[PDB]
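See structure below.
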Ligand SMILES: CC(C)[C@H](C(=O)O)[C@@H](O)C(=O)O
Ligand SMILES: CC(C)[C@H](C(=O)O)[C@@H](O)C(=O)O
Ligand SMILES: [Ca+2]
Ligand SMILES: [Ca+2]
Ligand SMILES: [Cl-]
Ligand SMILES: [Cl-]
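Residue numbers (our numbering), protein chains in the order written: chain C, 640 to 1003; chain Y, 640 to 1003.
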């Protein structure tokens, strides 16, 4: 019977790009004989406007009833004066992650053929290409560790957050990184700050214990400050980067920015049952919303990760990936992927969804 | 009477570049009539070899007896198998910082005229130039917060580090950033993760309280993951970046790497009495040590920050800065600042110290 998907398109460009992800999914549903039912729920800014909070009860219960969450983007100027902590992004994403135990965040980033000039890296570096998958631990560390809070008053008033990791937490995420390296270029670089943090000393030690199960995979360790530097110089020498919550937050965004093409990048945040939340790497771009300008490929590839990882539909996932590839190499680019002089060749969001869905239909 | 400087040259290239910083200081001592006495102490790898630990008692007591510490670089392959936490870098630097309450870290980084091609940024971005001063809080946050440690065993064994900040700690570092912005381009960008961390919510709130004393300075806030991205795209729009310990560690290194010329970058770590520890931004480069290849400018500019900030000798500090400028614009570059084809023009470490010291003598 039917898969059930909770669709949480959110704010800004979220709904208009979600529309295209749904159009391409309809083509993959027809092509592979999948029965998938979708229910839309508010989340983020639209949920604060419609329901008074960024993650309404009904939305959370709809996600509980689903096989996966296909998530858009949340946030925008309009809610940007609420405390940073009643704000829509953090208020949608952290409770979804904590509630469904979404410990694994996978962010594949690569420099696509022919779009090297868009990367902010000097041309000889982006010409080498890169393909880095960031595996970030998402439900532990300093994000959800306790005690967190503040005490005291005046000058001596103090706040505190505790970064905490157990061997169990590190070993589950490290295994995912090694398993992913096995299928790629067989190297895991584990990123930590083991010269300062007890958490990272335990991190490094556990990742080395996990490595015994992967003698075909090379493991190196690097400090987060050195990784931030080395991704600027030699990103082509990394394969799978394995990070705790706070380090992976920073490094996965640094690598996304280094592609120069965030409109192509998606994200999977999964638990150990295979339920996940699938979203584009980029934000809600509220200034271009409503104009048919936004690149829907990130939301479309989010749907492909959802099919692969939550729905175990590998053929359907790869048909969407290939249909994206076909767009990128057949002159179907949106404006932000085009150099300043080629920009009159830009396709709109709908034209991109039509092309990719048609390519799925045509059997790409 | 005499200033007293503890000289802790450390490992790798540290001594050979320190030799040049001392040669240039001798020229500034003659030119400005300063009486400065220097005593050398082991620290880092050389201290572990000679004394069994990276920060011997006698070294720490020599720094207590000094007006400033002129520090080289620590670390190298040879000690890289000790626990990451008996290791020379962390074992020299964190106790010096904690012991002398060196709360303020200043790392000025700029793209120098004529060396834009060396930056790993695409050519149109490095052509715009940048000049970012990172002000990092160095004695609080998660580096020295307690409880830190681990408990338990097997799968449930857990480690923890606590990030802690008081208003007093934030306000002292924020004032330094605002005061520095006042003398530069009048903008402070405060970097935090206020959407997740209680510490950063208090950070943001206190920096906004401090801002009332600087109505001429613009304050913006940015999340660390977004700052890591925005420095790749528009580093020319930042002036003073204001960070807690762990965020400033990452961002100051990202910005150093983005210049492409770490051999030119120095660092000041100071307490509120004006005692500081002055060191190059880069590491001990143990593979080029002993060969006369290393660029001594970073250690030389460290001496200039030492004269300015610890010894209140502004004229002497600026004469060294100008003498460096003169080298860079008179064809005195070391090999790593030269493109692959111009590399036969490379000056050696001694030739660079001779030139800069002679320029100080000549009245630059
Ligand atoms: C909104 C924020 C809590 C979140 C995080 O830090 O994880 C976001 O930056 C991300 O990367 O998903
Ligand atoms: C060696 C390490 C403890 C240190 C730090 O993290 O501060 C270093 O990375 C630095 O930036 O001075
Ligand atoms: Ca992020
Ligand atoms: Ca560092
Ligand atoms: Cl963390
Ligand atoms: Cl910190």
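Virtual Cβ for every residue (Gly too), placed ideally from N, Cα, C.
Near residue 737(C), what residues of its chain come up, given a Cβ to Cβ distance below 7 Å and the 5 sequence neighbours on each side ignored? For the purposes of this step, residue 737(C) is identified with residue 98 of the first chain, where counting begins at 1. Excluding residues within five positions, the ones whose Cβ falls inside 7 Å are 778, 783.
Is the Cβ-Cβ distance between residue 715(C) and residue 935(C) less than 8 Å? Along the first chain, one-based indexing puts residue 715(C) at 76. Along the first chain, one-based indexing puts residue 935(C) at 296. It is not a contact, given that the beta carbons lie outside the stated cut-off.
Over the uninterrupted alpha helix (DSSP H) stretch that includes residue 838(Y), give me the two end residues. Your numbering for residue 838(Y) matches position 199 in the second chain. Looking at the DSSP string, the run of the alpha helix (DSSP H) that includes residue 838(Y) is 837–849.
Out of curiosity, what's the CA-to-CA distance linking residue 941(C) and residue 654(C)? Counting from 1 along the first chain, the entry for residue 941(C) is found at position 302. Counting from 1 along the first chain, the entry for residue 654(C) is found at position 15. When rounded, the distance between both Cα atoms is 14 Å.
Rounded to the nearest angstrom, how far is the Cβ of residue 927(C) from that of residue 933(C), given a contact under 8 Å? Within the first chain, residue 927(C) is the residue found at index 288, counting from 1. Within the first chain, residue 933(C) is the residue found at index 294, counting from 1. With a Cβ gap of about 6 Å, residue 927(C) and residue 933(C) count as contacting.
Using a Cβ cut-off of 7 Å, which residues of the segment 806–818 of chain C contact any Cβ in chain Y, in chain order? 806, 807
Kindly indicate the opening and closing residues of the beta strand (DSSP E) around residue 678(C). Along the first chain, read from residue 1 onward, the residue named residue 678(C) stands at position 39. Note, residue 678(C): beta strand (DSSP E), 675–679.
Between the alpha carbons of residue 948(Y) and residue 758(C), how many angstroms are there, rounded? Start at 1 with the first residue of the second chain, and residue 948(Y) comes out as number 309. Start at 1 with the first residue of the first chain, and residue 758(C) comes out as number 119. About 39 Å.
Runs of alpha helix (DSSP H) lying entirely within the segment 924–959 of chain Y, each at least 4 residues, in chain order: 936–948
Would you mind telling me which residues of chain Y sit closer than 8 Å to residue 720(C), beta carbon to beta carbon, in chain order? As a position in the first chain, residue 720(C) is number 81, starting the count at 1. Near residue 720(C) there are no residues of chain Y at all, since even the closest Cβ is about 12 Å away, more than 8 Å.
Integer-rounded CB distance, given that residue 881(C) should sit under 8 Å from residue 956(C): As a working note, residue 956(C) is residue 317 in the first chain. As a working note, residue 881(C) is residue 242 in the first chain. So it is not a contact: roughly 23 Å between Cβ atoms.
Within 8 Å of any Cβ in chain C, is that where the Cβ of residue 880(Y) sits? Position 241 of the second chain, counted from the first residue, corresponds to residue 880(Y). Judged by the 8 Å Cβ criterion, residue 880(Y) is not in contact with chain C.
Give the C-beta separation of residue 731(C) and residue 695(C) to the nearest angstrom, bearing in mind that I take them to be a contact with Cβ-Cβ under 8 Å. Along the first chain, read from residue 1 onward, the residue named residue 731(C) stands at position 92. Along the first chain, read from residue 1 onward, the residue named residue 695(C) stands at position 56. 10 Å between Cβ atoms; not a contact.
What are the partner residues of residue 747(Y), as DSSP defines its beta bridges? Position 108 of the second chain, counted from the first residue, corresponds to residue 747(Y). Its beta-bridge partners are 772(Y).
Could you work out which residues of chain Y lie near residue 889(C), taking near to mean beta carbons separated by less than 8 Å? Working through the first chain from its first residue, we reach residue 889(C) at position 250. Here the neighbours are 863, 864, 867, 889.
Per DSSP, what are the beta-bridge partners of residue 999(Y) in this structure? On the second chain, residue 999(Y) is found 360 positions in, with the first residue counted as 1. Per DSSP, none; premise fails for residue 999(Y).
Would residue 800(Y) pass as an interface residue toward chain C - the criterion being a Cβ-Cβ separation below 8 Å? Against the second chain, residue 800(Y) aligns to sequence position 161. Chain C contact via Cβ: present.
Find out if the Cβ-Cβ distance for the pair residue 989(Y), residue 961(Y) is shorter than 8 Å. The residue labelled residue 989(Y) in the question sits at position 350 within the second chain. The residue labelled residue 961(Y) in the question sits at position 322 within the second chain. For residue 989(Y) and residue 961(Y), no; Cβs fall outside 8 Å.
I think residue 867(Y) touches residue 890(Y), with their Cβ atoms under 8 Å apart; what is that distance to the nearest whole Å? The residue you call residue 867(Y) lines up with position 228 of the second chain. The residue you call residue 890(Y) lines up with position 251 of the second chain. At roughly 7 Å, the Cβ-Cβ gap stays under 8 Å, so residue 867(Y) and residue 890(Y) are in contact.
Specify the secondary structure class of residue 826(Y) as computed by DSSP and reduced to three states. On the second chain, residue 826(Y) is found 187 positions in, with the first residue counted as 1. Three-state result, residue 826(Y): strand.
Proximal residues, the segment 673–686 of chain Y versus chain C, C-beta separation under 7 Å: none
Any heavy atom of ligand 1 inside 7 Å of the beta-carbon of residue 732(C)? Looking up residue 732(C) in the first chain gives position 93. Yes, the Cβ of residue 732(C) comes within 7 Å of a heavy atom of ligand 1.
Could you check if residue 995(Y) belongs to the surroundings of ligand 6, using beta carbon to heavy atom distance under 7 Å? Translated into positions along the second chain, residue 995(Y) becomes position 356. Answer for residue 995(Y): no, Cβ out of range of ligand 6.
Helix, strand or coil, according to DSSP, for residue 792(C) in the structure here? Against the first chain, residue 792(C) aligns to sequence position 153. Looking at residue 792(C) - three-state DSSP - the assignment turns out to be coil, as it is neither helix nor strand.
Beta carbon proximity, residue 726(Y) to chain C, threshold 8 Å: Here residue 726(Y) refers to the residue found at position 87 of the second chain. Answer yes: the Cβ-Cβ gap between residue 726(Y) and chain C drops below 8 Å somewhere.
Once you ignore the five residues that flank residue 786(Y) on each side, which residues in its own chain have a CB closer than 7 Å to its CB? Here residue 786(Y) is taken as the residue at index 147 of the second chain, counted from 1. Result list for residue 786(Y): 799, 801, in chain order.
Using the three-state DSSP reduction, which class does residue 764(C) fall into: helix, strand or coil? Locating residue 764(C) in the first chain gives position 125, counting from the first residue. The answer is helix: DSSP assigns residue 764(C) an H, G or I state.
Just checking residue 763(C) against ligand 4 - is the residue's beta carbon closer than 7 Å to any of the ligand's heavy atoms? Here residue 763(C) is taken as the residue at index 124 of the first chain, counted from 1. It does not: the Cβ of residue 763(C) is nowhere closer than 7 Å to a heavy atom of ligand 4.
Starting from the N-terminal end, write out each residue whose C-beta falls within a distance shorter than 7 Å of any non-hydrogen atom of ligand 3. 888(C), 891(C), 892(C), 864(Y)
Pop quiz: residue 685(C) and residue 923(C) are said to be a contact at Cβ under 8 Å. What is the actual Cβ separation, rounded to whole angstroms? Indexing the first chain from 1 puts residue 685(C) at position 46. Indexing the first chain from 1 puts residue 923(C) at position 284. That belief does not hold up - the Cβ atoms of residue 685(C) and residue 923(C) are roughly 10 Å apart, past 8 Å.
Around the C-beta of residue 979(Y), are 16 or more other C-beta atoms found within 10 angstroms, so that it is buried, or is it exposed? Working through the second chain from its first residue, we reach residue 979(Y) at position 340. With fewer than 16 other Cβ atoms within 10 Å, it is exposed.
Per DSSP, which residues does residue 853(C) bridge with? Please list them. If you number the first chain from 1, residue 853(C) lands on position 214. Answer is none; residue 853(C) lacks a bridge partner.
Taking the straight line between their C-alpha atoms, what separation do you get for residue 672(C) and residue 760(C)? What you label residue 672(C) is simply residue 33 of the first chain in a count that begins at 1. What you label residue 760(C) is simply residue 121 of the first chain in a count that begins at 1. Cα to Cα, residue 672(C) sits roughly 43 Å from residue 760(C).
At a cut-off of 7 Å, would you count residue 843(C) as near ligand 2, judging by its Cβ distance to the nearest heavy atom? Taking the first chain and counting its residues from 1, the one referred to as residue 843(C) is at position 204. Checking the Cβ of residue 843(C) against ligand 2 gives no.
Which residue's Cα is closest to the Cα of residue 975(Y): 931(Y), 775(Y), 703(Y), 729(Y)? Reading the second chain from its first residue, position 336 is the one you call residue 975(Y). It is 931(Y).
Endpoints, the beta strand (DSSP E) within which residue 981(Y) is located: Start at 1 with the first residue of the second chain, and residue 981(Y) comes out as number 342. Careful: residue 981(Y) lies outside any beta strand (DSSP E) and carries neither H nor E.
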